[PDB]
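Chemist: Going line by line, the protein sequences match chains A and B.
Mind the numbering: the first sequence is residues 46 to 726 in the numbering used here, read in order.
Mind the numbering: the second sequence is residues -13 to 35 in the numbering used here, read in order.
For every residue, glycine included, the Cβ atom is placed at its ideal position computed from N, Cα and C.
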Amino acid sequence: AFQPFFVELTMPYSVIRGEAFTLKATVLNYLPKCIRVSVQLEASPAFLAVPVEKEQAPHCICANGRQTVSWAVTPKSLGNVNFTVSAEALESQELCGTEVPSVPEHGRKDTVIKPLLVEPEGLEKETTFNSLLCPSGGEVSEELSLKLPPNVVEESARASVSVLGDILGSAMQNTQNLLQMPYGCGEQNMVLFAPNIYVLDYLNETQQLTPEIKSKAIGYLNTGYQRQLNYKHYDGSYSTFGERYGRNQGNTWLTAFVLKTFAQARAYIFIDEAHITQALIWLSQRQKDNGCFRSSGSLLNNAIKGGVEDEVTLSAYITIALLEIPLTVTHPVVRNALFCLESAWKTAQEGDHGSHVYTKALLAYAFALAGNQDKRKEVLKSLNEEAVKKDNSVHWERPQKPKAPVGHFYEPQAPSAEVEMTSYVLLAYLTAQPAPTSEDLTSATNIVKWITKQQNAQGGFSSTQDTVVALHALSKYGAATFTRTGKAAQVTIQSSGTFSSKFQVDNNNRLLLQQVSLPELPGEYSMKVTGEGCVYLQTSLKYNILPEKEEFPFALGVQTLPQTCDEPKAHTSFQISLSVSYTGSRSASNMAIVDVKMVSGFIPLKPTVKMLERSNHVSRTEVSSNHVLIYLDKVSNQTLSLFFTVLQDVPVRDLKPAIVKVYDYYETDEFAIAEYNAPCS
Amino acid sequence: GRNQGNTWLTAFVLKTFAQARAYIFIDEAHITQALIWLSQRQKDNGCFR
Ligand SMILES: *[C@@H]1O[C@H](CO)[C@@H](O)[C@H](O)[C@H]1NC(C)=O
Ligand SMILES: *[C@@H]1O[C@H](CO)[C@@H](O)[C@H](O)[C@H]1NC(C)=O
Ligand SMILES: *[C@@H]1O[C@H](CO)[C@@H](O)[C@H](O)[C@H]1NC(C)=O
């Protein structure tokens, strides 16, 4: 195989508002002959071309001849754009040197089509809404008004809608990931075994998964259950290490998670029912005769989980576990804790805060065993309304809070917030005895889509645990893949500007995705549907922010370089010191949040080495290869510092700074930004 | 596994495990597991064999 020509281009990068970056073209000859090659670029009015070599053409080169061919351009649009360049060799031009054959094969002219991405100005976000219309052989309609424009940015706000009932899950690329006994700290054993348990339910039920690896996961669990035998308490409770703390209770998330799968896993190796009923009588002894018991919870415990330590939600955690054992007075006990939860549910009905984490998981499952849970099918709609989500996930930002207290969507819990929410939400969806064809099924299919789209089994997710929990969603949907859905649904999408696009859904459009956008600055979405069964349609309004925002209590102490380039060798190598700590770190969840990215045309080499070196008393040495993660440590203020440099990939650049800031410390206050750009420019 | 054992010594000793859970701690789990073992063997109607 051989070709006497090839193109080396400039992969620009997700680039900045100033679109004048550097773009060149370098065509090189490997055949020993000299050949002329005319060159031009197929352009369009979508961007503002500026000719550098306006008057003279990059003309003619020979064997191993080097020529840079670059132009200037300052586009107006945003998004993926492909530049179509062409280069052709002609005949009868023996004047560059002595001779030009210029007779190639059917690959006559050289052309390249380079899709370059451009990042819009400022920081990107959205604000979606959630809407449900389900007539029973009739018609229901609603209006959605989409307006929150404070401190707008020019030409960023757009939107779209969709609805789905997806079947046809792709494949199993990401189901393969592994970890082992913590070399560093045994405290991580809790977050080890908490997800490894339900791998039992994932072997056959998927039909796509690789059950070899979960069959090995149960091999690890054959030691895990002995660790639990060693992590138990004599009285019946559980902790990180076990007994010698007698008169006290322990966390119930992991024991409630694991007791049902000990009941399903008492087949391979025998665990007696004594081990279940001792935990049970431990659950039974703590209940008062009249009162909803007190339980002071240690909040921000890195070993166990990150939460809010609301003792009533723990009183509900015991009872989701009680719901399994078929004792029939146990169900009156879960009714008592359901009255405590009814306190919590009125707190939810106010719609201000119930921590948005726990009752979500428990309300469905408590009644999903019984079979009269249409009330819970109704509250799961309210759970679905509580999300600023992508088409399948949540990314970053609650809309425009005037109200100070918000429960849990942009807390220091930062596994990107989509997985640990959507997982328990799907657990809530499809535990139903009756045919769940109604909106819960459709939303479950909405969740499964991006889970199937994750075609990377790395394990270097935005988080580190939650890739384990993401495989709950695809897996439990394996049995729910069989259903009956598709009706005389005729959807109508209208807005103020005399526009009306019609849509329809059936059993063959059950899996069809409808994407349609509108560019109007007003936002209004009146809908009208028909048919039978209940299905949920979703919105998404993408828009950038942060042209220039004020300073705020957070202290991102970033230092770029010694105050300027002011020299011919700078603008390439300059180490950026960052020293950061929000003093607010009190009792939310393990240190999870960080974002640090590269500005447009700068590549990291040594930063990787430094981060590999960094460790603050405890560490996971997690990485993204454009970011850095050394944060997981105990409750402490008193920041540290660093320095990391780059190299110049972009020779020329227009003026606007790139910035990489995520910031979540407490809910009452403003979310506390702090910034400083790059001075060399 | 699927068989019972003599009850003279366990019946003799369970009450004094309840009296002897003061010096060194035996949990009530150890009592109630023997108890549920005593409870599982009873038929609904018959005097078990
Ligand atoms: C540009 O390239 C992208 C990425 O493959 C592709 O999706 C798009 O269709 C291309 N546009 C064309 C053909 O100009
Ligand atoms: C395997 O999983 C399927 C659902 O995917 C379920 O219907 C079946 O009962 C499971 N076990 C068997 C019998 O194959
Ligand atoms: C934070 O700084 C304070 C300063 O008084 C210090 O007492 C504390 O140990 C530091 N870490 C914690 C516990 O937040």
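#1: Let me confirm a value: residue 16 of chain A is counted as buried when at least 16 other C-beta atoms fall within 10 Å, else exposed. Which label applies?
#2: In chain B, what lies closer than 9 Å to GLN323 of chain A by C-beta?
#3: Quick one: grab the DSSP three-state call for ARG631 of chain A.
#4: Span of the beta strand (DSSP E) holding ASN175 of chain A?
#5: Closer than 8 Å: is that where the CB of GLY214 of chain A sits relative to any heavy atom of ligand 2?
#6: Within the continuous beta strand (DSSP E) that includes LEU245 of chain A, where are the two ends?
#7: Is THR526 of chain A near ligand 2, with its Cβ less than 8 Å from a heavy atom?
#8: Evaluate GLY124 of chain A with the Cβ neighbour count: other Cβ atoms within 10 Å of its Cβ, from every protein chain shown; 16 or more gives buried, anything less gives exposed.
#9: Could you have a look at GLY269 of chain A and say whether DSSP puts it in helix, strand or coil?
#10: Between A:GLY182, A:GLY281, A:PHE302 and A:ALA216, which has its C-alpha nearest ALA239 of chain A's C-alpha?
#11: At 9 Å on the CB atoms, spell out the chain A contacts of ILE22 of chain B, in chain order.
#12: Comparing the C-beta of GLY576 of chain A with each C-beta of chain B, is any distance below 9 Å?
#13: Please list the residues of the stretch 254 to 287 of chain A that have a C-beta atom closer than 7 Å to any C-beta atom in chain B, keeping them in chain order.
#14: Would you verify that the beta carbon of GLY291 of chain A is, or is not, closer than 9 Å to some beta carbon of chain B?
#15: From the DSSP output, in three-state form, read off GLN549 of chain A for me.
#16: Look at the alpha carbon of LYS277 of chain A and the alpha carbon of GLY351 of chain A, and state the distance between them as a whole number of angstroms.
#17: Going by DSSP, what residue range makes up the beta strand (DSSP E) through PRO160 of chain A?
#18: Taking contact to mean at least 3 C-beta pairs separated by less than 8 Å, is the stretch 60 to 80 of chain A in contact with the stretch 161 to 168 of chain A?
#19: From what residue to what residue does the beta strand (DSSP E) around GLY342 of chain A run?
#20: Kindly examine ligand 2 and report whether one of its heavy atoms sits closer than 8 Å to the Cβ of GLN252 of chain A.
#21: Taking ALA406 of chain A as the reference, give the member of A:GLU565, A:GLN510, A:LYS78 and A:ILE363 with the closest Cα.
#22: Beta-carbon distances below 5 Å to any heavy atom of ligand 1 define the shell here; list its residues in chain order, please.
#23: If you measure between the beta carbons of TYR283 of chain A and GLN271 of chain A, is that distance less than 9 Å?
#24: The beta strand (DSSP E) spanning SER190 of chain A covers which residue range?
#25: If you count every other CB in all the chains shown that lies within 10 Å of the CB of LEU428 of chain A, and 16 or more means buried, which is it?
#26: Given 8 Å as the limit, is there contact between the stretch 619 to 636 of chain A and the stretch 329 to 337 of chain A, that is, 3 or more CB pairs closer than that?
#27: How far does the alpha helix (DSSP H) with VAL691 of chain A in it extend, from its first residue to its last?
#28: Would the C-beta of residue 36 of chain B count as close to ligand 3, meaning under 8 Å from any of its heavy atoms?
#29: Looking at the unbroken alpha helix (DSSP H) that takes in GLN26 of chain B, where does it start and where does it end?
#30: Look up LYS573 of chain A in the DSSP assignment and give the residues it is bridged to.
#31: Which of the three DSSP states is assigned to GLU667 of chain A in this structure?
#32: Quick one, which of B:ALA15, B:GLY(-13) and B:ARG35 has its alpha-carbon nearest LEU0 of chain B's?
#33: Compare the C-alpha of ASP211 of chain A against each of A:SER632, A:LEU557 and A:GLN503 and name the closest.
Modeler: Short version:
#1: Any answer about residue 16 of chain A is impossible in this case: the structure gives chain A only from 46 up to 726.
#2: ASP13, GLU14, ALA15, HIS16, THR18 and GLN19
#3: coil
#4: For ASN175 of chain A, the uninterrupted beta strand (DSSP E) run begins and ends at 175 to 178, by DSSP.
#5: no
#6: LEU245 of chain A -> no beta strand (DSSP E), and no H or E assigned at all.
#7: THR526 of chain A Cβ: within cutoff of ligand 2.
#8: exposed
#9: helix
#10: A:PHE302
#11: Within 9 Å Cβ-Cβ: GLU318, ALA319 and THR322.
#12: So no, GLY576 of chain A is outside the interface.
#13: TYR279, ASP280 and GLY281
#14: For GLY291 of chain A, the answer is yes, since a Cβ of chain B falls inside 9 Å of its Cβ.
#15: strand
#16: Near 21 Å, if we compare the C-alpha coordinates of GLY351 of chain A and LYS277 of chain A.
#17: 155 to 161
#18: yes
#19: Taken as a continuous stretch (DSSP letters only), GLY342 of chain A belongs to no beta strand (DSSP E), as it is neither H nor E.
#20: yes
#21: A:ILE363
#22: A:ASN127 and A:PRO160
#23: One thing to note: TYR283 of chain A has its Cβ no nearer than 9 Å to the Cβ of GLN271 of chain A.
#24: 186 to 190
#25: It counts as buried.
#26: no
#27: Element bounds for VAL691 of chain A: n/a, residue is neither H nor E.
#28: The requested residue 36 of chain B is not part of the displayed model; chain B covers only -13 to 35.
#29: 15 to 26
#30: A:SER186 and A:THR537
#31: strand
#32: B:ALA15
#33: Taking only the C-alpha atoms, the option nearest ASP211 of chain A is A:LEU557.
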